[PDB]
Amino acid sequence: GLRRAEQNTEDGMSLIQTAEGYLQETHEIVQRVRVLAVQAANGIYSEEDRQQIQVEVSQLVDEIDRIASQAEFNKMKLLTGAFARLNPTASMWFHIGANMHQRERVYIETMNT
Amino acid sequence: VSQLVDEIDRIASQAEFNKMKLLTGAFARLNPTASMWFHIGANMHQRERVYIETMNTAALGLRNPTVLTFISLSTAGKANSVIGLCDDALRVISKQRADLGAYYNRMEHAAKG
(Lines give C-alpha, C1' and ligand atoms only; values in the text may rest on other atoms or scores of the structure.)
Protein backbone atom coordinates (compact mmCIF):
# COMPACT_ATOMS: atom_id res chain seq x y z
CA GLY A 1 0.00 0.00 0.00
CA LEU A 2 2.82 2.42 0.80
CA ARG A 3 4.46 1.33 -2.45
CA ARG A 4 1.04 1.76 -4.06
CA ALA A 5 0.61 5.10 -2.30
CA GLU A 6 3.91 6.33 -3.75
CA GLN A 7 3.01 5.40 -7.34
CA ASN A 8 -0.29 7.28 -7.11
CA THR A 9 1.54 10.34 -5.77
CA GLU A 10 3.66 10.61 -8.92
CA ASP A 11 0.50 10.17 -11.00
CA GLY A 12 -1.18 12.90 -8.97
CA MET A 13 1.68 15.28 -9.75
CA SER A 14 1.58 14.34 -13.44
CA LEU A 15 -2.06 15.46 -13.58
CA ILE A 16 -1.13 18.64 -11.70
CA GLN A 17 1.94 19.18 -13.87
CA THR A 18 -0.11 18.92 -17.07
CA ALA A 19 -2.91 21.33 -16.14
CA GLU A 20 -0.25 23.93 -15.32
CA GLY A 21 1.29 23.17 -18.72
CA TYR A 22 -2.00 24.05 -20.40
CA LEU A 23 -2.29 27.21 -18.30
CA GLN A 24 1.12 28.17 -19.71
CA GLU A 25 -0.26 28.51 -23.24
CA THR A 26 -3.37 30.28 -21.92
CA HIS A 27 -1.31 32.89 -20.07
CA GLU A 28 0.86 33.68 -23.10
CA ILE A 29 -2.31 34.33 -25.12
CA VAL A 30 -3.82 36.78 -22.63
CA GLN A 31 -0.64 38.86 -22.59
CA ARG A 32 -0.69 38.99 -26.39
CA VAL A 33 -4.19 40.46 -26.20
CA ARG A 34 -2.91 42.89 -23.56
CA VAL A 35 -0.07 44.29 -25.67
CA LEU A 36 -2.34 44.58 -28.71
CA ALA A 37 -4.75 46.51 -26.49
CA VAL A 38 -2.01 49.08 -25.81
CA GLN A 39 -1.41 49.64 -29.53
CA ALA A 40 -5.17 49.65 -30.14
CA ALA A 41 -5.57 52.34 -27.46
CA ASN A 42 -3.32 54.81 -29.30
CA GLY A 43 -5.01 57.70 -31.06
CA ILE A 44 -3.46 57.51 -34.53
CA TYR A 45 -5.47 54.53 -35.80
CA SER A 46 -8.73 54.53 -37.77
CA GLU A 47 -11.70 52.17 -37.59
CA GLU A 48 -10.23 49.88 -40.26
CA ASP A 49 -6.92 49.30 -38.46
CA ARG A 50 -8.47 48.64 -35.05
CA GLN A 51 -10.87 46.22 -36.74
CA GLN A 52 -7.85 44.30 -38.01
CA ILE A 53 -6.66 44.25 -34.40
CA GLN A 54 -10.07 42.90 -33.39
CA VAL A 55 -9.64 40.14 -35.98
CA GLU A 56 -6.64 38.68 -34.16
CA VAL A 57 -8.27 38.94 -30.73
CA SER A 58 -11.35 36.97 -31.79
CA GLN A 59 -9.07 34.21 -33.05
CA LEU A 60 -7.21 34.35 -29.74
CA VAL A 61 -10.41 34.63 -27.71
CA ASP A 62 -11.59 31.35 -29.23
CA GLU A 63 -8.17 29.71 -28.84
CA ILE A 64 -8.43 30.19 -25.07
CA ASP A 65 -11.81 28.44 -25.24
CA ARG A 66 -10.27 25.62 -27.27
CA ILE A 67 -7.69 24.90 -24.58
CA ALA A 68 -10.34 25.05 -21.86
CA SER A 69 -12.67 22.56 -23.57
CA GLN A 70 -9.98 20.20 -24.92
CA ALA A 71 -7.68 20.11 -21.86
CA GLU A 72 -7.58 16.45 -20.89
CA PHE A 73 -5.54 14.14 -18.70
CA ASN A 74 -6.59 10.49 -19.02
CA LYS A 75 -9.81 11.48 -20.82
CA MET A 76 -10.73 13.84 -17.95
CA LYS A 77 -11.73 17.45 -18.52
CA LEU A 78 -9.64 19.79 -16.38
CA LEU A 79 -10.12 23.47 -17.28
CA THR A 80 -13.88 23.29 -17.93
CA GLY A 81 -14.83 23.64 -14.25
CA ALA A 82 -15.67 20.05 -13.25
CA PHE A 83 -13.16 20.04 -10.37
CA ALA A 84 -14.20 23.46 -9.06
CA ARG A 85 -15.35 24.14 -5.50
CA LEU A 86 -18.58 26.13 -5.85
CA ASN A 87 -20.59 23.82 -8.15
CA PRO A 88 -18.48 20.71 -8.73
CA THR A 89 -19.74 17.95 -10.98
CA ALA A 90 -16.87 15.70 -9.82
CA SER A 91 -14.41 15.44 -6.95
CA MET A 92 -10.69 14.79 -7.43
CA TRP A 93 -8.95 12.88 -4.64
CA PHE A 94 -5.33 11.70 -4.69
CA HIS A 95 -4.85 8.61 -2.52
CA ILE A 96 -1.32 9.01 -1.15
CA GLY A 97 -1.72 6.52 1.71
CA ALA A 98 -2.11 2.81 2.32
CA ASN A 99 -5.39 2.93 4.28
CA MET A 100 -9.05 3.76 3.85
CA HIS A 101 -9.21 7.56 4.11
CA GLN A 102 -5.54 8.46 3.49
CA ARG A 103 -6.42 10.81 0.63
CA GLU A 104 -6.44 14.53 -0.13
CA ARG A 105 -8.76 16.55 -2.36
CA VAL A 106 -7.82 18.88 -5.22
CA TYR A 107 -9.58 21.90 -6.74
CA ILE A 108 -9.30 23.29 -10.28
CA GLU A 109 -11.46 26.25 -11.26
CA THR A 110 -12.98 27.12 -14.62
CA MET A 111 -10.39 28.29 -17.17
CA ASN A 112 -12.49 29.32 -20.18
CA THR A 113 -12.96 32.85 -21.48
CA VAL B 1 -2.99 47.90 -65.69
CA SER B 2 -4.28 45.02 -67.81
CA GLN B 3 -0.97 43.21 -67.27
CA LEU B 4 -1.17 43.98 -63.55
CA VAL B 5 -4.84 42.96 -63.25
CA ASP B 6 -4.20 39.78 -65.23
CA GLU B 7 -1.50 38.71 -62.78
CA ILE B 8 -3.85 39.16 -59.81
CA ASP B 9 -6.26 36.74 -61.49
CA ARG B 10 -3.43 34.29 -62.18
CA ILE B 11 -2.51 34.49 -58.49
CA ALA B 12 -5.90 33.45 -57.13
CA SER B 13 -6.50 30.65 -59.64
CA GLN B 14 -2.97 29.20 -59.27
CA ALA B 15 -2.36 29.69 -55.52
CA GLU B 16 -2.10 26.16 -54.14
CA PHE B 17 -1.19 24.30 -50.96
CA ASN B 18 -0.82 20.51 -51.22
CA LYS B 19 -2.54 20.57 -54.63
CA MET B 20 -5.46 22.45 -53.02
CA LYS B 21 -6.41 25.93 -54.21
CA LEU B 22 -6.83 28.55 -51.49
CA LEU B 23 -7.53 32.02 -52.94
CA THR B 24 -10.26 30.89 -55.36
CA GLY B 25 -13.02 30.90 -52.74
CA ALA B 26 -13.11 27.17 -51.98
CA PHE B 27 -12.99 27.61 -48.20
CA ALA B 28 -15.01 30.81 -47.71
CA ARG B 29 -17.77 31.21 -45.10
CA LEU B 30 -20.91 32.32 -46.96
CA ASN B 31 -21.06 29.82 -49.86
CA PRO B 32 -18.09 27.44 -49.64
CA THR B 33 -17.49 24.47 -51.89
CA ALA B 34 -15.43 22.91 -49.07
CA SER B 35 -14.49 23.39 -45.43
CA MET B 36 -10.96 23.44 -44.03
CA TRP B 37 -10.51 21.85 -40.60
CA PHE B 38 -7.17 21.28 -38.85
CA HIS B 39 -6.98 18.30 -36.47
CA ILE B 40 -5.19 19.62 -33.38
CA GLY B 41 -6.23 17.23 -30.59
CA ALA B 42 -6.00 13.76 -29.08
CA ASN B 43 -9.76 13.16 -29.44
CA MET B 44 -12.33 13.20 -32.22
CA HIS B 45 -13.97 16.65 -32.03
CA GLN B 46 -10.72 18.47 -31.16
CA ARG B 47 -10.47 20.38 -34.43
CA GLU B 48 -10.62 23.94 -35.74
CA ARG B 49 -11.83 25.39 -39.03
CA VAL B 50 -10.11 27.86 -41.35
CA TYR B 51 -11.97 30.33 -43.56
CA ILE B 52 -10.23 31.83 -46.59
CA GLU B 53 -12.22 34.39 -48.56
CA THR B 54 -12.09 34.87 -52.31
CA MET B 55 -9.13 36.96 -53.47
CA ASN B 56 -9.56 37.52 -57.21
CA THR B 57 -10.32 40.71 -59.14
CA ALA B 58 -14.02 39.89 -58.80
CA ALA B 59 -13.99 39.65 -55.00
CA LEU B 60 -11.89 42.81 -54.62
CA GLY B 61 -14.38 45.06 -56.41
CA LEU B 62 -11.87 45.96 -59.12
CA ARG B 63 -13.80 43.77 -61.59
CA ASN B 64 -17.51 43.69 -62.33
CA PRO B 65 -18.81 40.32 -61.04
CA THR B 66 -21.42 40.31 -63.84
CA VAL B 67 -20.06 41.87 -67.05
CA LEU B 68 -16.42 41.08 -66.12
CA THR B 69 -15.08 44.55 -66.95
CA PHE B 70 -12.13 45.69 -64.83
CA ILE B 71 -11.03 49.19 -63.84
CA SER B 72 -9.71 51.45 -66.60
CA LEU B 73 -7.31 54.37 -66.24
CA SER B 74 -7.70 55.58 -69.84
CA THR B 75 -9.54 58.69 -68.58
CA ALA B 76 -8.28 61.11 -65.94
CA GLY B 77 -11.71 61.29 -64.33
CA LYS B 78 -11.86 57.52 -63.94
CA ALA B 79 -8.37 57.48 -62.40
CA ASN B 80 -9.67 59.53 -59.46
CA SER B 81 -12.37 56.85 -59.15
CA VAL B 82 -9.92 53.93 -59.25
CA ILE B 83 -8.08 55.47 -56.28
CA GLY B 84 -11.10 54.99 -54.05
CA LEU B 85 -11.42 51.39 -55.23
CA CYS B 86 -7.76 50.63 -54.50
CA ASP B 87 -8.48 51.92 -51.00
CA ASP B 88 -11.40 49.49 -51.02
CA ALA B 89 -9.36 46.66 -52.54
CA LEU B 90 -6.32 46.92 -50.26
CA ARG B 91 -8.54 46.99 -47.18
CA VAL B 92 -9.81 43.54 -48.16
CA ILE B 93 -6.33 42.07 -48.71
CA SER B 94 -5.18 43.70 -45.47
CA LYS B 95 -8.26 42.19 -43.85
CA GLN B 96 -7.44 38.71 -45.15
CA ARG B 97 -3.74 38.70 -44.23
CA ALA B 98 -4.73 39.90 -40.77
CA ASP B 99 -7.14 36.96 -40.78
CA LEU B 100 -4.47 34.40 -41.69
CA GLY B 101 -1.87 35.73 -39.26
CA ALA B 102 -4.44 35.59 -36.48
CA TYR B 103 -4.84 31.91 -37.33
CA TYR B 104 -1.06 31.58 -37.69
CA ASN B 105 -0.45 32.77 -34.13
CA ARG B 106 -3.31 30.55 -32.98
CA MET B 107 -1.55 27.50 -34.42
CA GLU B 108 1.92 28.50 -33.19
CA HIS B 109 0.61 28.73 -29.63
CA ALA B 110 -1.31 25.48 -30.11
CA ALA B 111 1.83 23.45 -30.83
CA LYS B 112 3.41 24.61 -27.56
CA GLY B 113 0.78 23.28 -25.16
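Letters A, B, ... are given to chains in the order of the sequence lines, protein chains preceding strands, and every chain is numbered from 1. Excluded from the calculations below are hydrogen atoms, water molecules and symmetry mates; all remaining heavy atoms, backbone and side chain alike, are included.
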List the atom of B/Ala102, the atom of A/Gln59, and the distance in Å for their closest heavy-atom pair.
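B/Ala102 and A/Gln59 have their closest heavy atoms at CB-CG, 3.5 Å.
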Sort by residue number and list every member of residues 17-30 of chain B having a non-hydrogen atom under 4.5 Å from chain A.
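So far as heavy atoms go, nothing in residues 17-30 of chain B approaches chain A to under 4.5 Å.
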Taking only heavy atoms into account, what residues of residues 65-99 of chain B are found under 4.5 Å from chain A?
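Within residues 65-99 of chain B, the residues that come under 4.5 Å of chain A (heavy atoms only) are B/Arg91, B/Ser94, B/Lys95, B/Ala98, B/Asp99.
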Chi angles and distances behind the side chain to side chain contact (heavy atoms under 4.5 Å, CB included) call for A/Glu72, B/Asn43:
CA-CA 9 Å; A/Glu72 299 186 350; B/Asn43 305 101; 2.7 Å; yes
Is it the backbone or the side chain of A/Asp49 that comes under 4.5 Å from a heavy atom of chain B, or both, or neither?
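It is neither, since no heavy atom gets under 4.5 Å.
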What part of A/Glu48 lies closer than 4.5 angstrom to a heavy atom of chain B: side chain, backbone, both or neither?
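Just its side chain gets close to chain B.
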Please identify, among A/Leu60, A/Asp62, A/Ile67, the residue contributing the most non-hydrogen atom pairs under 4.5 Å to chain B.
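The residue among A/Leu60, A/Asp62, A/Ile67 with the greatest pair count is A/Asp62.
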Test side chain to side chain contact (heavy atoms under 4.5 Å, CB included) applied to A/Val35 and A/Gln31, step by step
CA-CA 6 Å; A/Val35 46; A/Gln31 298 181 173; 5.9 Å; no
Would you say that more than 12 heavy atoms from the other residues, nucleotides or ligands in this model lie under 6.0 Å from the CD of B/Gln46, or not?
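Atom CD in B/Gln46 is crowded, with more than 12 foreign heavy atoms closer than 6.0 Å.
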Check this for me: A/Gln17, atom CD, are more than 12 non-hydrogen atoms of other residues, nucleotides or ligands nearer than 6.0 Å?
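Result for CD/A/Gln17: open.
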Would you mind checking which part of B/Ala110 comes under 4.5 Å of any heavy atom in chain A, side chain (CB onward), backbone (N, CA, C, O), both or neither?
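For B/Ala110, the contact with chain A is made by backbone and side chain together.
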As a quick check of understanding, evaluate side chain to side chain contact (heavy atoms under 4.5 Å, CB included) for B/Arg63 and B/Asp9, giving each step before the final call.
CA-CA 10 Å; B/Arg63 212 180 190 98; B/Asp9 294 314; 3.0 Å; yes
Hey, mind stepping through B/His109 and A/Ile29 against side chain to side chain contact (heavy atoms under 4.5 Å, CB included) and telling me if it holds?
CA-CA 8 Å; B/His109 295 222; A/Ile29 298 181; 3.2 Å; yes
Below 4.0 angstrom, N of the basic side chain to O of the carboxylate: do A/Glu25 and B/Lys112 qualify?
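So A/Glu25 does not pair with B/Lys112 through a salt bridge.
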pair B/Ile40-B/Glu48: side-chain heavy atoms closer than 4.5 Å
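With C-beta onward as the side chain, the pair touches.
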I need the A/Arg32 CZ to B/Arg106 CZ distance, nearest 0.5 Å.
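Answer rounded to 0.5 Å: 15.5 Å.
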Side chains of A/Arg103 and A/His95 only: does a donor on one sit below 3.5 Å from an acceptor on the other?
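Looking only at side-chain atoms, A/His95 and A/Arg103 do form a donor-acceptor pair, the distance falling under 3.5 Å.
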